[PDB]
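Protein chains in written order, with the authors' numbering: chain R, 10 to 171; chain C, 10 to 171; chain P, 10 to 171; chain A, 10 to 171; chain G, 10 to 171; chain V, 10 to 171. From the three backbone atoms N, C-alpha and C, an ideal C-beta is built for every residue, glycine too.
There are 6 protein chains.
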Amino acid sequence: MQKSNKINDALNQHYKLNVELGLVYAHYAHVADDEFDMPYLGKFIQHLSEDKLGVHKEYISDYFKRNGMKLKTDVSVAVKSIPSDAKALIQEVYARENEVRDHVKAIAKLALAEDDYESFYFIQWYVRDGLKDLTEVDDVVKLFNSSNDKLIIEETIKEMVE
Amino acid sequence: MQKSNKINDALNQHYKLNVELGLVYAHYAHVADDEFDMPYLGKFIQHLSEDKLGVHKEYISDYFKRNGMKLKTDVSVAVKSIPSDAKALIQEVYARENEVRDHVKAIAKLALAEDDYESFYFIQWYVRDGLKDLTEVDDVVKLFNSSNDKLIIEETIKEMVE
Amino acid sequence: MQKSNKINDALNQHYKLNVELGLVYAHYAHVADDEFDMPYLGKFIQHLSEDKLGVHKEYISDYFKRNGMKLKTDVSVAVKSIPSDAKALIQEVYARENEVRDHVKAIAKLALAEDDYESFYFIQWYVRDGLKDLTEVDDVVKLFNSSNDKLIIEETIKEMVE
Amino acid sequence: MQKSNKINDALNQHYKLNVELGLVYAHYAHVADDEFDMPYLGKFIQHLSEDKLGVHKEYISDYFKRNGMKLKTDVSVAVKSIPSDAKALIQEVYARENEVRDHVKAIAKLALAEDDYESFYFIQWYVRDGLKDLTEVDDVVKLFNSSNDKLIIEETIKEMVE
Amino acid sequence: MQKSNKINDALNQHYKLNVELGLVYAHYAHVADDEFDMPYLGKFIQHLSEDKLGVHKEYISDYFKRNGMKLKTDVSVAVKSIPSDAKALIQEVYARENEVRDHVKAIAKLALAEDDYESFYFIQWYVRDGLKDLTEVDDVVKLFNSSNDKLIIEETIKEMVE
Amino acid sequence: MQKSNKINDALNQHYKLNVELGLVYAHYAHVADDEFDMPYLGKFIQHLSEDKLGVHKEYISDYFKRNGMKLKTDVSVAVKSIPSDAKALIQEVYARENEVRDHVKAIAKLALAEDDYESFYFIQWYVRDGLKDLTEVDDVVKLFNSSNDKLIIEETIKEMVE
Ligand SMILES: [Fe+3]
Ligand SMILES: [Fe+3]
Ligand SMILES: [Fe+3]
Ligand SMILES: [Fe+3]
Ligand SMILES: [Fe+3]
Ligand SMILES: [Fe+3]
Ligand SMILES: [Fe+3]
Ligand SMILES: [Fe+3]
Ligand SMILES: [Fe+3]
Ligand SMILES: [Fe+3]
Ligand SMILES: [Fe+3]
Ligand SMILES: [Fe+3]
Ligand SMILES: [Fe+3]
Ligand SMILES: [Fe+3]
Ligand SMILES: [Fe+3]
Ligand SMILES: [Fe+3]
Ligand SMILES: [Fe+3]
Ligand SMILES: [Fe+3]
Ligand SMILES: [Fe+3]
Ligand SMILES: [Fe+3]
Ligand SMILES: [Fe+3]
Ligand SMILES: [Fe+3]
Ligand SMILES: [Fe+3]
Ligand SMILES: [Fe+3]
Ligand SMILES: [Fe+3]
Ligand SMILES: [Fe+3]
Ligand SMILES: [Fe+3]
Ligand SMILES: [Fe+3]
Ligand SMILES: [Fe+3]
Ligand SMILES: [Fe+3]
Ligand SMILES: [Fe+3]
Ligand SMILES: [Fe+3]
Ligand SMILES: [Fe+3]
Ligand SMILES: [Fe+3]
Ligand SMILES: [Fe+3]
Ligand SMILES: [Fe+3]
Ligand SMILES: [Fe+3]
Ligand SMILES: [Fe+3]
Ligand SMILES: [Fe+3]
Ligand SMILES: [Fe+3]
Ligand SMILES: [Fe+3]
Ligand SMILES: [Fe+3]
Ligand SMILES: [Fe+3]
Ligand SMILES: [Fe+3]
Ligand SMILES: [Fe+3]
Ligand SMILES: [Fe+3]
Ligand SMILES: [Fe+3]
Ligand SMILES: [Fe+3]
Ligand SMILES: [Fe+3]
Ligand SMILES: [Fe+3]
Ligand SMILES: [Fe+3]
């Protein structure tokens, strides 16, 4: 029993990702209410933000405390352009959640390659939240192709959030 | 009724500060438990982190949604050195909370100078949380000069957090 | 301790304003249900009317009873033209609530200039209700640009009122 | 089935009256507490004010919404002289409530003359509130001829309001 | 962030004032029951005494603990003459509560002049208690001009205290 | 049945003492938290302060109201030096509570000498509170000789106060 430097770096990068995405989603939530007049779209994405800045980063920090791995905090993120409309906004959220699934798959593959079975298990939670969080977002992108009425979409989002 | 660009920038900078401090405190919380074997010191500072990354940044974003001001997300923070022991760790937290009070005082002074009375009011919450958050931290720094026993200090912190 | 005649006049004018607006909103509420077939738009604006004719005017009268200021009742208001459709109706409500914020800012500025700190405090409630009432109205004007279906808008207004 | 222009005007005038009286009573309530040191006399007259500015004007507006009549809002009222003492103050309230009964009797007489039976019924509520509101006021004017002690009168008013 | 010696002295003087007034009101409460046979007048003024010797002085001491200011305890007060009757007794209470409002206004003016925004906020509580406490007293002085019967006045005071 | 001037003076002096001590303890409570970082020591001494400024002075004032004795309010107290550390602080409290017992014994001795049996009884409460209050303080001074750890002492004080 030891501590894989390779897994430590991949998990430090995943920590980095969840902080930076969460800050982007926090901004996107502001825009969804403010500029696009879709307050419940904003609540959906703000909950995504609090999830990414919350248990997604805390589980890695907690995991490090126990296996002997070192936490690194290096965060750089700037929101320099915003998508043009609400549909693109949530389409962009979806693209980044698809990238999460990819990164999560790389960590499982590497944990097995390092015979780090504690780290393969730890990541099983992330293997699923990736699909769960992606479906939630997908359920929302669906709405924008089923209605042209923002208040219809908003009402349907409200019950997803409630 | 309008929108002071000067106040917008000062509040965007305060948003920036509360995100960046919160990420630093999140790291400092990890270290307080992991390296210094003080789990409740870590819980105190993690609650500080969640407060700074939470209502401190959300109130500014919510305030902007109503007065017409623009949110900017530009975050750069790297935790490159850690203090040597728990006392210095919480001493460093204190220094940064003292800097918050200074920044908050500049925004009140400027709001009056701009006759932005909605913004002077908004900041009244921050004028006080600055003193309240500073006292909480001060109560903890006190302990390290009243006992040389980490488990005594930890037990006293626990009831502050409970 | 005394009684600023200047503040007394500005507060008597604000009393005047809240009575006259409330009578206009009472009419606009009637029209929103009667002519535009939007009963919940009418309930939103009738609640605005009862608020302006209620605690907005009573707090000034109560404040005068305590600091020694004289109440004046001079009310002249006639609703001679109505906006063309519901969107313009609530757009017009918004314009007048923006003018409230302006007037409220003048009273805070003057209270400080007169070192009337009891009157600066009294007005802090109005500094915020101005923004709160303006956001409520803004949330409604939003709907008319997000849907072309009056019954969709009405249903969304209903839950704001409920 | 139609819409009597004559009844519409008489009911628009009654709307006008109840708004203007209510604004006068709102002032008289202020004076009864402030200048005459009779806070419960003020509460009695403030409740009269809220009643006149409330269901008295709302029932006409609601009635118009259903029979097809047009609401007019033309309000002019200025409180330029105040009675000399509390007795005269409530004596003056009484005189105006006696004038309400007269106006209400004219509308019933006219509704029958126009065979407007929906409007004769609507006014039956007002035929009685006129007598009820007049008795409440009369019960108060009674007190001022039964005691010369303002605090005795105030205590008796309090239980009428409670 | 620092500590204004000028504000410290003005707040130490306000501490001094609230202790000394409270001791005077404690005596005046004794006299109101003992000599003037008005036990509930005494309870009104004794509650004023406990308020001045209580949260009025404790909030300053608590405020000092947090901003770094020094408490001074220098108290000199002697009750060498008593007013002639109950009316004058409560008239004298009123005069001193009017002087509190004046002193409180000086501290707000000075806090702004020193850009001490934490101290301007702290004093906002006192800006209002000054008016609230003055109205309570004013409500009592009112009674002595509305009745010549001490037991009527006493009964009315009792429900204010209850 | 009469009124002993000698007892009146001794009880007026005891009133004086309990006011002045209470103001000193109020200061000492501030110092115990602020300078010595012992918040619960401060709560112990603040409760002592509220007791001395409360029922200790009120029972004398109430006793005077019934036997015909005259209350005098002559208070002079200045806290010009503070003890060096917490141990001395509570040691000083103890010394003054020992002086209370002495003064209380003089009043009992004098009441018997004057055959003032109502006053001998009144003082029986004080004969015991003197010993009770002295033991509470003694229990605290004990702690400072049983531990050298301020946070241990503080924790033990907390349960005495709770
Ligand atoms: Fe990654
Ligand atoms: Fe979730
Ligand atoms: Fe990056
Ligand atoms: Fe293998
Ligand atoms: Fe998730
Ligand atoms: Fe629907
Ligand atoms: Fe539902
Ligand atoms: Fe539904
Ligand atoms: Fe439903
Ligand atoms: Fe800042
Ligand atoms: Fe907190
Ligand atoms: Fe930076
Ligand atoms: Fe200015
Ligand atoms: Fe905070
Ligand atoms: Fe506990
Ligand atoms: Fe414990
Ligand atoms: Fe416990
Ligand atoms: Fe105005
Ligand atoms: Fe409202
Ligand atoms: Fe006008
Ligand atoms: Fe000035
Ligand atoms: Fe409002
Ligand atoms: Fe519902
Ligand atoms: Fe619904
Ligand atoms: Fe529903
Ligand atoms: Fe009429
Ligand atoms: Fe009624
Ligand atoms: Fe008229
Ligand atoms: Fe006929
Ligand atoms: Fe009525
Ligand atoms: Fe009675
Ligand atoms: Fe009763
Ligand atoms: Fe009764
Ligand atoms: Fe009763
Ligand atoms: Fe003062
Ligand atoms: Fe009070
Ligand atoms: Fe003095
Ligand atoms: Fe300045
Ligand atoms: Fe008070
Ligand atoms: Fe009662
Ligand atoms: Fe009663
Ligand atoms: Fe009663
Ligand atoms: Fe003594
Ligand atoms: Fe006790
Ligand atoms: Fe002395
Ligand atoms: Fe003897
Ligand atoms: Fe005691
Ligand atoms: Fe312990
Ligand atoms: Fe316990
Ligand atoms: Fe315990
Ligand atoms: Fe315990």
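Counting contacts by CB-CB distance shorter than 8 Å, is C/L80 in contact with chain R? Output row for C/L80: interface = yes.
At the level of alpha carbons, what is the spacing between C/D43 and R/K81? Taking the straight line joining both Cα atoms gives about 13 Å.
Against chain A: residues of the segment 139-164 of chain G by CB proximity under 9 Å: Taking 9 Å as the Cβ-Cβ cut-off against chain A, the residues of the segment 139-164 of chain G that qualify are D148, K151, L152, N154, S155, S156, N157, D158, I161, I162 and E164.
Would you mind sorting R/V33 into buried or exposed? The rule is 16 or more other CB atoms within 10 Å of its CB. Counting Cβ neighbours within 10 Å, R/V33 comes out buried, since at least 16 surround it.
I'd like to know whether the C-beta of G/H36 is nearer than 8 Å to at least one C-beta of chain V. At a cut-off of 8 Å between C-beta atoms, G/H36 counts as an interface residue with respect to chain V.
Delimiting residues of the beta strand (DSSP E) encompassing G/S85: Note, G/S85: beta strand (DSSP E), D83 to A87.
Looking only at its chain, what residues have a beta carbon closer than 7 Å to the beta carbon of C/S93, apart from the 5 residues adjacent to it on each side? Nothing meets the Cβ criterion.
Tell me whether C/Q133, by its Cβ, gets closer than 7 Å to a heavy atom of ligand 10. False, no ligand heavy atom lies under 7 Å from that Cβ.
Between R/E163 and ligand 24, is there a pair consisting of the residue's CB and a ligand heavy atom that are separated by less than 7 Å? No, the Cβ of R/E163 stays beyond 7 Å of every heavy atom of ligand 24.
Which listed residue (V/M10, V/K12, V/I16 and V/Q11) has its alpha carbon closest to that of V/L119: Checking every option, the nearest Cα to that of V/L119 belongs to V/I16.
Quick one: is R/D43 near chain P, going by C-beta distance under 8 Å? No, R/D43 does not count as interfacial toward chain P.
Touch test, the segment 64-71 of chain P against the segment 45-54 of chain P, Cβ-Cβ under 8 Å, three pairs minimum: In the pairwise beta carbon analysis, the segment 64-71 of chain P is classified as not touching the segment 45-54 of chain P: fewer than three pairs are separated by under 8 Å.
What residues in the segment 70-104 of chain R have a beta carbon less than 8 Å from any beta carbon of chain C? Identification of residues in the segment 70-104 of chain R having a C-beta nearer than 8 Å to some C-beta of chain C yields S70, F73, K74, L80, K81, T82, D83, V84, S85, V86, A87 and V88, given in sequence order.
Could one say the Cβ of R/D111 lies closer than 8 Å to chain P's Cβ atoms, at least one of them? No Cβ of chain P is located within less than 8 Å of the beta carbon of R/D111.
Three-way DSSP call (helix, strand, coil) for R/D158 in this model: Per DSSP, reduced to three states, the secondary structure at R/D158 is coil, with no helix or strand assignment.
Between P/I116 and P/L20, is the Cβ-Cβ spacing less than 8 Å? The beta carbons of P/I116 and P/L20 sit closer together than 8 Å.
Kindly give me the distance between the Cβ atoms of P/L160 and R/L160, rounded to whole angstroms, as I take these residues to be in contact under 8 Å. Contact between P/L160 and R/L160 is ruled out by a C-beta separation of about 10 Å, above the 8 Å threshold.
For V/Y126, does the count of other Cβ atoms within 10 angstroms reach 16, so buried, or fall short, so exposed? V/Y126 is exposed by the Cβ-count criterion.
Distance, Cα to Cα, A/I99 vs G/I166? So the two alpha carbons sit approximately 25 Å from each other.
Under a CB-based cut-off of 8 Å, is P/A19 close to chain C? No, its Cβ sits nowhere closer than 8 Å to a Cβ of chain C.
Between G/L50 and chain V, is the shortest Cβ-Cβ distance under 8 Å, so that the two count as touching? G/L50 does not count as touching chain V.
So for G/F53, helix, strand or coil by DSSP? Helix.
Let me confirm a value: R/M169 is counted as buried when at least 16 other C-beta atoms fall within 10 Å, else exposed. Which label applies? With fewer than 16 other Cβ atoms within 10 Å, it is exposed.
Keeping to the same chain, check which residues put their C-beta closer than 6 Å to that of V/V109; ignore five residues upstream and five downstream. Excluding sequence neighbours, V/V109 sits near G139.
Span separating the alpha-carbon of P/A41 from that of P/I91: Distance between the alpha carbons of P/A41 and P/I91 is about 10 Å.
Just checking P/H56 against ligand 22 - is the residue's beta carbon closer than 7 Å to any of the ligand's heavy atoms? No, ligand 22 has no heavy atom inside 7 Å of this Cβ.
How would you call C/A38, buried or exposed, if buried means at least 16 neighbouring beta carbons within 10 angstroms? C/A38 is buried by the Cβ-count criterion.
With 8 Å as the threshold, decide whether the Cβ of C/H39 is near any Cβ in chain R. So yes, C/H39 belongs to the interface.
Taking 7 Å as the cut-off, does the CB of P/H23 come closer than this to any heavy atom belonging to ligand 43? Judged by the Cβ position, P/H23 fails to qualify as a neighbour of ligand 43 at the 7 Å threshold, every heavy atom of the ligand being at least this far.
Under 9 Å by beta carbon: chain C residues contacting R/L121: For R/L121, none of the residues of chain C pass the 9 Å Cβ criterion, the least Cβ distance being about 27 Å.
Got a sec? Which residues, its chain only, sit under 6 Å from residue 173 of chain R by beta carbon, not counting five neighbours each side? No answer is possible for residue 173 of chain R: the residues shown for chain R start at 10 and end at 171.
Between the CA atoms of A/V150 and residue 174 of chain A - distance to the nearest angstrom: Since the first and last residues shown for chain A are 10 and 171, residue 174 of chain A lies out of range.
Shorter than 8 Å from the beta carbon of R/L32 to some beta carbon of chain C? Answer yes: the Cβ-Cβ gap between R/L32 and chain C drops below 8 Å somewhere.
What's the C-alpha gap between G/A95 and G/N157? Roughly 11 Å between the two C-alpha positions.
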